[PDB]
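Here is how the chains run, residue by residue.
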Amino acid sequence: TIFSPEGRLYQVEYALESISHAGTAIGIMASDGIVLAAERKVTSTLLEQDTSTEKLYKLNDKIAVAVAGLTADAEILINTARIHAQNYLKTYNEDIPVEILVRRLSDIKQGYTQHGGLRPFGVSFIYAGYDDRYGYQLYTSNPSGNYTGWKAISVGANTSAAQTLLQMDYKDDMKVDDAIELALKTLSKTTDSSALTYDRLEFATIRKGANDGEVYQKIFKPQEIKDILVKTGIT
Amino acid sequence: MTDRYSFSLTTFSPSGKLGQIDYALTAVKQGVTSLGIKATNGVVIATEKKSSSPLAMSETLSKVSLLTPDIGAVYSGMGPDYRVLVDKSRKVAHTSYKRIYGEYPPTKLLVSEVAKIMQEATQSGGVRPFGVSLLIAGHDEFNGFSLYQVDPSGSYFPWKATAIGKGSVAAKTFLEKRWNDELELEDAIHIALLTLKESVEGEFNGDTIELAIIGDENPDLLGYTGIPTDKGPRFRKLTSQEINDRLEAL
Amino acid sequence: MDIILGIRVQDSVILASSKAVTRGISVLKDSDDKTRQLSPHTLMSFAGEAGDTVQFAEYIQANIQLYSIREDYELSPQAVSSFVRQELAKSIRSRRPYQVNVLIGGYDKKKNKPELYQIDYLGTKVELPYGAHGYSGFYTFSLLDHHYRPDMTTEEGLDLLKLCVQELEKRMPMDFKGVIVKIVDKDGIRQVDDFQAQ
Amino acid sequence: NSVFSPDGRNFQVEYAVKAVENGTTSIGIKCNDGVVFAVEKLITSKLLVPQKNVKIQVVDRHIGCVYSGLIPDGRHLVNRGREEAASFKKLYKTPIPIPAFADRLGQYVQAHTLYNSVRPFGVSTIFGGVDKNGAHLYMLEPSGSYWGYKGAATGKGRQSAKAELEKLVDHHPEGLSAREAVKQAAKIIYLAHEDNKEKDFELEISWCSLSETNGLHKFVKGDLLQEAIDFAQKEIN
Amino acid sequence: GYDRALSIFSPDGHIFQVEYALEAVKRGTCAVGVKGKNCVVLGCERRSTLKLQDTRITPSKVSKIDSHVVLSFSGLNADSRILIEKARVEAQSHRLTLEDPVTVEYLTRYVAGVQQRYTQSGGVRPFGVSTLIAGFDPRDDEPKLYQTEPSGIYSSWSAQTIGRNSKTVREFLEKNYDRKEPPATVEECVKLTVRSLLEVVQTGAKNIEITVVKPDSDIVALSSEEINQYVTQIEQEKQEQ
Amino acid sequence: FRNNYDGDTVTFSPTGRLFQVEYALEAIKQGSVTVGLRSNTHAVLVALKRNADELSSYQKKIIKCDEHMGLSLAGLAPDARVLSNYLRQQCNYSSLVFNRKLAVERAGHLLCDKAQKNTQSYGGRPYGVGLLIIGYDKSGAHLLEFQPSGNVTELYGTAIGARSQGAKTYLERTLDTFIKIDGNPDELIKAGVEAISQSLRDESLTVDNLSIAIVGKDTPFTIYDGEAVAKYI
Amino acid sequence: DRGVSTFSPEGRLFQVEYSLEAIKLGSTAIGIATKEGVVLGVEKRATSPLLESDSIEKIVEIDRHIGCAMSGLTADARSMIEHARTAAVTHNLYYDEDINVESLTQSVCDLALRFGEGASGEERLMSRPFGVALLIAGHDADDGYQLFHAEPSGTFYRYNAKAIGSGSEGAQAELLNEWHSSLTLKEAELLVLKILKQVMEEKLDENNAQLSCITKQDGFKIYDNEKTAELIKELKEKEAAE
Amino acid sequence: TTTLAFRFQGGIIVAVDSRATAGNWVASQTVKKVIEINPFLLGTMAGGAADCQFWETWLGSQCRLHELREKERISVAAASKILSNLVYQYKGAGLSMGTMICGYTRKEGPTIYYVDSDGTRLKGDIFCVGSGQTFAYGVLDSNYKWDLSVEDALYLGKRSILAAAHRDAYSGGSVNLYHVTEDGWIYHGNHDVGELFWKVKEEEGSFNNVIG
Ligand SMILES: Cc1ccccc1CNC(=O)[C@H](CCc1ccccc1)NC(=O)[C@@H](NC(=O)c1ccc(OCc2ccccc2)cc1)[C@@H](C)O
Ligand SMILES: [Mg+2]
Ligand SMILES: [Mg+2]
C-alpha cells in the first residue's frame, strides 16, 4: 500500500509484473459483437479440456471477463461481480449497465491498494458486455483499480507486441467475423509456443442472438475452436 | 491475546513471485506421491502410507478421506494441513450447499469452496498458505465423473489423470503413456498400482498403499433400506485384502 | 383522508394532490404541495403519517438525484419505481416502518410512453392506467372505469380529473382544499396553476 | 517471546529471569501445619518510612505471596491472583485450594510466553497457605513453571538461602513448628543479606498456620517479630 | 482490523508518505483551470501512449459533483474515484439538510478534509491525487476555482495547473493571465486554456479536452471539432513576425 | 546488550533490563526539581516552576486530586494530567460509593498498577513523568514517590528532577528535625523551601520561579503561587 | 523505523520532536497581549502570484471571545478548530456562560494527545501527532486578555508575546525587546506588522499579511485589507521618521 | 398555551402567552415561550416545556456553529430543518412540542416555519399553535389583511393572544410581543392580561360576555 520515493505503489507494480507472465488475453470490439480470446498456461495432454474454464467467465447474461493472473484471486472477484449484477437487477428490475459493474470491481481493487495492508489481487480483467445505453463495450482493469475503455486490447504477456499489431489491422467498421480473425492472428504472432492449437485456447463471442433481436454469449466448445482455427487458415 | 501480523504474510516480490506460495509448492514436492486416474465409469485416487514408526498403527491414519458420499480426497505435502482442510471441506459442503438445496454439492462446486479456503490463507493477515496439494475425485448426476487438483495458491484444474508430490514428473509421464478415454475402472486401478510402484521405496502391498474409488452406488454401505431413490455412496475405500488381489495379477 | 390521484393518458401522466394539512381540529395549510420531482421526467406524490411522508419523499429524491449525477443518466420510470418499492419493502419489517403511500408518474423517453405506478406503504407495487391512495379511490376507481379511454389527450385527461375532483368535493366528508395538478410528459414536469376554479 | 531459538530455548524468558536474580532475596518455609514467608527490604535511604512499604501480599484470606524481581509485575500477578480466587469462591463456595490457586497463576504466567505482543513476567513468586488438606508452599518462575516446595528462595541471596534451607530439611525430617520456622526465616534472610551488606535492610515476615493463626494469613509484627530479629542477630555472630 | 501507521514525521519535519503522494501527482497527466469574467474553463491532457481507446466509454478527467460544480484531478486515476463519489454524496446530503446546493468553497473544504483525514489515520495511505474544483455558487455569477492536494491544503486560484509539466504551464499562465484585464468571454477564455496545454501537449489533437462552466448549472464539454478549430487557429495566428 | 532491545516495552535486554522504561526514567531527570516532605500533622510540596522564555508563563507543577490529596510532577506534563485525572476519579469513586476518603497508600497502589500496564503492552509507551503525592488520611500525613516503572515508595521526604540529588541529601540530614515540625504549617514550608535550594545551580528563587502546596490535620490541600509565596522566599 | 511513541535514550518522544520541526517550516504567526486586547498577525505566503490570497485562512474565529492563528501543516488544524468551536459552543449550552480561554486551550491540548492507536490504561483516534502549532487568544472575566501557545506535545504556555513559524527564532528576540506591560492596542498592531516585515521573505503589503484582534467589547475580528493597509501607511511613516 | 406568528407588508409578528400548567394546576404565569436564537431568528414554544426549552436552546447552539463554520448566518429554512430532523430521530419516543421558527435573511425574505414533534415542517404566512390555537385563529383570521400597519399588526397579534387567554383554560398570564424586520427582531414588551383585558374591553367595546 505505501508509496515509494517515486510516488509508486510497490505492491501494485509487482502485481502487474506478475500478470505480464500470464497467458495473453485479447479483446476486440466490433459494431455487431465482441470477441474474447485467451491463451492457456503451457498445458498437458492429460488436462481435461471439456470441463475446463480457466480464463473466461460469465458475469451475467450480457457480460463476460477474460482473466490474466492468479485464477484464485479472479474467482474471488468474479463471485462478487456476480452478486453485484444480481443486486442491481433486484433493485431496479434492469440488467446492470456494463460500466457500473466494472467500476465496482475496480473500486474493490483500489481499496486493497489504499487500506488494510493486504496484498492486492494479482489479476487483470478484460470485460466484454452489451447494454442498451452504449451497446457493445470493452473495458480493462488491473490491480491498481484503474479501468479504461477500448476497441481492442490485450492483457498478460506480450501486450506490447499484441497492441502494435491490433493498432495496425483494426478498422472501426469491422464485423465480428473479421474481429475473430484478428484476435487469432494476433495471438498466433505474439504465442511463445510453436503452433497455436485449439487445446491452448479459450474463445468467446457476444453476438446478436443468431437470428432474433436479443444478445447471446457463446463460450466456444473445444471442437468449435478447432474449426474456427482451420477456417482462418492456421489449421 | 490479539494478533500483531494483521498484514499479508504472502506479498509480491520485485519479480512478481509470491514467495510463500512458491515455498508451499516446494513442500508439496517433498511429500509422498499421490495420484488420480479418471475412467469411463469411475475415478481412482491412490497414495502411499509412509509410516513414522513400525510401532505406529498405519490403519489409524487415513490419507484418503471421504468428503461427501460421492467425493473423496487425497493429498501430497503437510499431513496436518490436509486433515483440517478435510474438516472444513466436509462442513462447507453442508453449510453452503446441503442445508440449502437438500442435496450434496457437485464436485466442481465443492472443489471451488476448498479453493476459496486455500485462496484466503494466501491473502489474509497473519497466516501462511496451506502446505498441501489435494486431488479431489467425485461424481454428480449432471457432470458425471471428475478429478480436480487443488494447489496452495487456491488454483484448481480438472485432470484426466495426474500425479502430485515426490515422483510427480516421472509419474505424470508414465500416465500420458498409458491413459485413454476407453478405460474401465478396473483398468485404471491397475494403472494406478503400476504408477505407484515406481515412486515405492519399501514394501508395496495392501498395508503400505492407500487407494479409494469413486465408482458405482454401494447400497450395502447405506445403512438403511426402504427409500428406493437413495442408492448409497459412490466413494469406496479399498481394503488391504482387495489391493493384494490386484497385485498378484499386476 | 389526503387525496392522491393519478391518471395515465396517451402521451402523459397526470398527478392531482389535495392541498390541506390538518392537525386535529385545525387546517394549518391550504396550499401544500405533496409532490417531489425525482428526475426531469419522473414525479412522485405521497400521503400517510405526519412526518414520514416528506422525510421519505426527500430521501428518495436525494437518491435518484445521486444516481443521475453518478451515471450522467436518467433512470427509467420503471427502475425508479422498483427502487421505491424495495425501500418500502425493507421499511415494513424495520423497527419503525415508513407509513407513506405513493404515486409515481413518469415519461419514459426510451419507449416514448407515460407510466403510472401505485405503491402503498407495504411495498405493494402495480402499474395502472389510473390510481388512488386512501378513501378517494372508493369513488374515483368506479368513475374512471366508466369515463376513461386509453387514447385520451392530456386535455381530455384534465376534464376526467375535474370530474373526479367534483365527485370528491361532493361526497367526501373532509375539506381537502382542492388539488394541485401536475403533468408529466416528454417536455418534463409542469404544473397547471389554475384548477381550483378553472 | 513466542520465539523458540534453534535449540528449543526462549531467550526472552531467560532474560526475564536475570531481572529476578537482580532483585531482592525472598523466602518461604513449610512448617508442619502452615507456611512462613520472609523478605529482605533494602533501605535505600533513612527517608524511607520503616514498616510502611509492605512487600508481602495476601490473596483471599488464607494465601500469602512474596516475590523477587520487578515489584510492579508481582503486584500485577497478585491482582490477577485475587480476581482468580474471587471467581473460584463465587462458583464453588469454598476458598480456593492452594494447588488450584498455583495453577491459575501458572497458566496466566505461561500465557505471557505465547505471544510477541507480550513480555514474560519479570518475577518469581513464592506463595502458599493452608487449605482443606494441609499446608502448601509454591514457587513460580517467569516461564510459568511451578512446583511444590519444602522451602524456597529467590533473588540476590538465593544460593546461600537454599544452602540454609537444605540444612533445615536434613536436621528436621519429622516436622519444624510455625513458631520455630518464623525464627529460622529471620535467620536465613540475615545470612542472605551478606551479599548486599553495603546497603541497609529491613525484615518482613508473615505466616499462615492452622494452630497459630487459625489457617488465616497474618503479618508477623510486634514482640514475635522482635524476638525473631534477636535470634537472627545473635546467630549471625 | 489493521491500523499500523504508515504516514509519520521525518527528522527534518516532513511527512514522508504525503511528500511521495505529491510525486504521484507530479507524474499524472497535466490538468489546468482558468477562470474568465463570467465563466471557468477546465483543460486536461490525454497521453499519446495508447490511441486505440474508446472515447465514448473511457472515464474522462472532468467530473460533475453536482449540476453546478465540476472536478478534475492529477495523480492516481483509481484514487480520484473515491474522492468524487464522496463529494457527490456530500453534495446531495447538503441539499437534503440545508435545502441548498453546496458552494464551491464548501465542497472544496470537504474534499480537502477527506484528503487530510487519510494522512493521519492508521493503516491507510494518503490520496495520490490533487484536484481542481470549479463552479458557481447557487444564485451567483462570480466564478470559483479551487485546488486541493494530498496534504489537505486548499486555496482559490485565478488560474492554476497540476500534474506533469504544470511547472511550464504555470510559468505560461503567470505571464499571460492579467487579473484586472480576466478573459471577457467563453471563446477567449477557452483559447487561453488551449494555449497553456499547447505548451506541454505537442499533439494538440483530441489529446486536449475542454469543459466550460457558466452560471446557473450550465456545464458543457467540447467535442473534437470545436477544440480542433481552437488548435488550428492558435498555431496559424502565431507564426509570422 | 543495547542493540535491538529498546524497540518497545515488550522486550527484555539480555541483562533483564527494560530500556523503554529506563528511558522514560530519563525524562524525569530532565524535569524541573520538586521537593516533598512531611511531619505528623502536615505534608508539603515545593516545586521549581519553569518557563520557556522570558515572555512566557511558569508552567504549573502541582495538581490537586481531592480535598485531602494532591501531587507534584517532574517530566512529561501531559502524562501528569493523564495520571492525576485518573487519581481524581479514583478519589471521587471512593467518596461516592463508600463515602470514604481514599487512603494515600491505596492511591499509591492504584497509580503503580496503572503505570505497570504500560510496561507490558505492545505499541504503548510507559508514562514519562515522576510524581510526588501528599495527603492527609485516617492515619496521618503521607508522602509518596512515583516512578514510571510503577515503583511507589512511602517516604518522610524526597525530591525528583534535575539536580534533585542536592535536596535529597539535605533532607536525609534534616530528618530528625522536620519530622517534628508539629502543628506549625509555616515552619514546615520554610523547611521545604530551604530544602529545594540545595538543588539550584540555576539562580535565588523568585516569586514566579516558586510553587508550594500544603495539606494536613485541619487544612484541606491547597496550592500557593505568585504573591502568596513571597513570605517564604 | 520502529514505533510512533518510542522514547529516545535521552528521554524524548521521537515523533513529537519532529512535529515541532514541521512547525518551524510553516508561515510566521505573531501574538501580543495588551490590557486593551490581543493582536494576532500572520504571514499569508502565497506560493505563486496566481493564488488569490484572501482565500488564505490562517486566522480563524473559535468563539466571539476567542480567536486563533496557526502555523505549520495548516490542514492538520481543521479538526482542532472544529473541536475548539464545539467545546466552546457546548460549554455555553451546558453552563450558559463563556468558556474560559485557559479551559478551551486545555481542551485543544487534550485532543492533541490522542495519537498512537489506543494506549493501555483507557483510546487514541489518530496515527501521528498534529504538525501544527496554535496561538489561542481571547478574553474571559476571570483572567482578562490571554495568549496561549498550543503545541502538538499537548503542552501549552501563556505568553505576553509569541512568534511561531519559520521566522520565529528572530521574531522572538525582537518581542523580548519591544514588549512592555503598559502597550496600547494600536501600538501592538504596529509591532506585529513591523516584526512580520522583518522576517518575511516578500515585501509586506495588505495582501501577504493579515491582522486581527480580540477585545472584550467588540469580540474577535479579522481586519480587512483596507484597514491593515492604512496601518502599513502608518507604520511606514513612523519608521521612515526614526 | 397559545402562540402565533404571521407575515405582513412590514415583516413578521410573533406573539405568545406566558402560562405554564401541570394538569389543572397553574404552575406559572410568567414563563418565556419565545427563544431568541440570534438577532434575526426566533423560536416559539408549545407543548412540553422541557422538550421545547431543551431542544430549541440546543438549536441555538447548532445555529451558532453554522455561523462559525460557514462565516454567514443560518437560513430560516435550514435552522427549521435542523430541529425538524432532530425531532424526527425521536419519533414515537413521546416528545411533545409545537414550534415556530421565524426570522429574516436576505436570500429568503421574512419566513415562518411550523415544526412539530410528529416531524411535520411547513412554510406559511400564518400559524397559531397550542391548546388555544383555534381561539387565536378566530380573531386573527377575521381581521387579517396583508397591508396592516406595523402598529395594527402588533395589536392584532396582541389581541389574538388575549382572545385565546380568555377562552382557553390553559392559556393566560401575559402577552409577549415581537416584530421581525429586515434589520431583525424587536421586542414590543410584556402585557399582563390582568390589566390588558379590562383596558381592551373599555377601549374597544368588545368582550360583552363578561359582567361588569
Ligand atoms: C411549551 C412551554 C415552554 C415553556 C413553558 C411552558 C410551556 C407550555 N407548556 C406547559 O405549560 C406544559 C403543559 C402540560 C404538558 C406537558 C407535556 C406535554 C404536553 C403538555 N407543562 C409542562 O410541561 C409542565 N410539566 C409537566 O407537565 C410535567 C413534566 C414532567 C412530569 O413528570 C412525571 C413523571 C415523572 C417520572 C416518571 C413518570 C412521569 C409531570 C408533569 C412544566 C411547566 O412544569
Ligand atoms: Mg506472537
Ligand atoms: Mg530461586
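Residues numbered from 1 in each chain as written, not as in the entry; some residues may be left out. Chains lettered and ligands numbered in written order. Part of a larger assembly, values for the part shown. Heavy atoms only, no water.

This entry lists X-ray crystallography as its structure determination method and reports a resolution of 2.780 Å.

Participant: How should I be thinking about the interface of chain E and chain A in this particular structure?
Facilitator: Size of an interface: often given as the accessible area lost when the parts come together. Taken together, the contact between chain E and chain A spans 30 residues of the former and 38 residues of the latter. Interface of chain E and chain A: buried area, both sides summed, is about 2800 Å²; carbon and sulfur atoms make up 58% of it. When the buried area of chain E at its contact with chain A is split by residue, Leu52, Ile57 and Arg81 of chain E rank highest and sum to 27% of it. Joining chain E to chain A, the criterion identifies one salt bridge. (Contact = heavy atoms within 4.5 Å. Buried area = accessible area lost by both parts, 1.4 Å probe. Salt bridge = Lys/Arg side-chain N within 4 Å of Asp/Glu carboxyl O.)

Participant: I keep staring at the sheet that holds strand 10 (residues 216-219) of chain A and nothing clicks. Help me out?
Facilitator: Strand pairing in a sheet is mediated by backbone hydrogen bonds. Such pairs are either parallel or antiparallel. Residues and elements named next belong to chain A. Overall, antiparallel pairing links the five strands, which are arranged 8-1-2-9-10 in an open sheet. Whereas interior strands pair on both sides, the edge strands pair on one side only; in this sheet they are strand 8 (152-155) and strand 10. Taken over all neighbouring pairs, the strand axes of this sheet differ in orientation by 10° on average, direction set aside. Pairing of strand 1 (residues 25-30) with strand 2 (residues 33-39) involves six bridges; the strand directions are antiparallel. Of the residues in strand 2, the one forming a bridge with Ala25 is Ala38. Sitting on the sheet, helix 5 (residues 176-190) is in contact with strand 1, strand 2 and strand 9 (201-207), with an inclination near 20° to strand 2. (Pairing = 2+ DSSP bridges. Helix = DSSP H or I, 4+ residues; strand = E, 2+ residues; numbered from the N terminus. Axes fitted to C-alpha atoms, helices over the stretch in contact; angles between N-to-C directions.)

Participant: How should I be thinking about the interface of chain H and chain E in this particular structure?
Facilitator: Taken residue by residue, the interface counts ten residues in chain H and seven residues in chain E. In this assembly, chain H packs against chain E so that about 600 Å² is buried in total across both faces, 39% of it on carbon and sulfur atoms. The three residues of chain H that bury the most area against chain E are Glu70, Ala78 and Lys81 of chain H, which together make up 54% of that side's buried surface. Counting across the chain H and chain E interface gives three salt bridges. For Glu70 of chain H, the salt bridge identified is with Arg109 of chain E, shortest N-O distance 3.0 Å.

Participant: Would you take a moment to explain a positive patch on the surface for this structure?
Facilitator: All names here are of chain B. On the surface, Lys29, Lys50, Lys166 and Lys172 cluster together to form a positively charged patch. Looking at the secondary structure, you find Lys29 in helix 1 (residues 19-30). The exposure class of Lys29 is partly exposed, given its relative accessible area of 37%. (Patch = residues over 30% accessible without salt bridge, like charges linked within 9 Å, V, L, I, M, F, W, Y side chains within 5 Å. Areas by Shrake-Rupley, 256 points an atom, 1.4 Å probe, with all protein chains shown as cover. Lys, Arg positive; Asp, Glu negative; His and termini not counted. Charge placed at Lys NZ, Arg CZ, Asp CG, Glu CD. Buried < 20%, exposed > 50% of the residue type's maximum accessible area, 1.4 Å probe, protein only.)

Participant: Which parts of the structure should I look at to understand the coordination of the magnesium ion (ligand 2)?
Facilitator: Each pair of donors in an ideal four-coordinate tetrahedral metal site encloses 109.5 degrees, whereas pairs in an ideal six-coordinate octahedral site enclose 90 or 180 degrees. Looking at the magnesium ion (ligand 2), one finds its protein donor set to be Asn116 of chain D (N) and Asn116 of chain D (ND2), positioned 2.4 to 2.6 Å from the metal centre. The topology assignment puts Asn116 of chain D in the loop between helix 3 (98-111) and strand 5 (123-131). (Donors = N, O, S within 2.8 Å, 3.2 Å for Na, K, Ca; no water.)

Participant: I would appreciate a short explanation of the site of ligand 1 in the present structure.
Facilitator: Residues and elements named next belong to chain H. Among the 13 residues in the neighbourhood of ligand 1, the closest are listed as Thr1, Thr21, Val31, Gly47 and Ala49. Within the backbone of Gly47, an N or O atom sits 2.7 Å from a nitrogen atom of ligand 1. A distance of 3.2 Å separates an oxygen atom of ligand 1 from a polar backbone atom of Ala49. Taken by itself ligand 1 offers 890 Å² of open surface, and the protein chains cover 46% of this. Taken together, the elements giving at least two residues each to the shell around ligand 1 come down to strand 3 (20-22), strand 6 (41-47) and helix 1 (49-70). (Near = heavy atom within 4 Å. Polar contact = N/O pair within 3.5 Å; in protein donor to acceptor, adjacent residues only side chain to side chain.)

Participant: I tried to follow the pairing of strand 9 of chain A on my own but got confused; where do I start?
Facilitator: Within a regular beta strand, the side chains point alternately toward one face of the sheet and then the other, so they alternate between its two faces. Residues and elements named next belong to chain A. Among the seven residues in strand 9, six count as buried, and that is most of the element. Where strand 2 meets strand 9, six bridges bridge the pair, whose relative direction is antiparallel. Along strand 9, the bridge assignment pairs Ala38 with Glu202. Pairing of strand 9 with strand 10 involves four bridges; the strand directions are antiparallel. Across the sheet, residue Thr205 finds its bridge partner in strand 10, namely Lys218.

Participant: Mind showing me how you'd approach the packing of helix 1 of chain H against helix 2 (residues 76-89) of chain H here?
Facilitator: Helix packing geometry: the angle between the two helix axes and the distance between the axes. Residue and element names in this part refer to chain H. Relative orientation of the contacting elements helix 1 and helix 2 amounts to 130°, with a least axis distance of 10 Å. Comparing the axis directions of helix 1 and helix 2 gives the class oblique. The hand of the helix 1/helix 2 crossing is right-handed. Facing helix 1, whose interface residues are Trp55, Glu56, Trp58, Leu59, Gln62 and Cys63, helix 2 presents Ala79, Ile82, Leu83 and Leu86. A class-by-class count of the residues in the contact of helix 1 with helix 2 yields eight nonpolar, one polar and one charged. (Parallel < 35°, antiparallel > 145°, perpendicular 65-115°, else oblique. Left-handed = near helix turned anticlockwise from the far one by under 90°. Nonpolar A, V, L, I, M, F, W, Y, C, P; charged D, E, K, R; others polar.)

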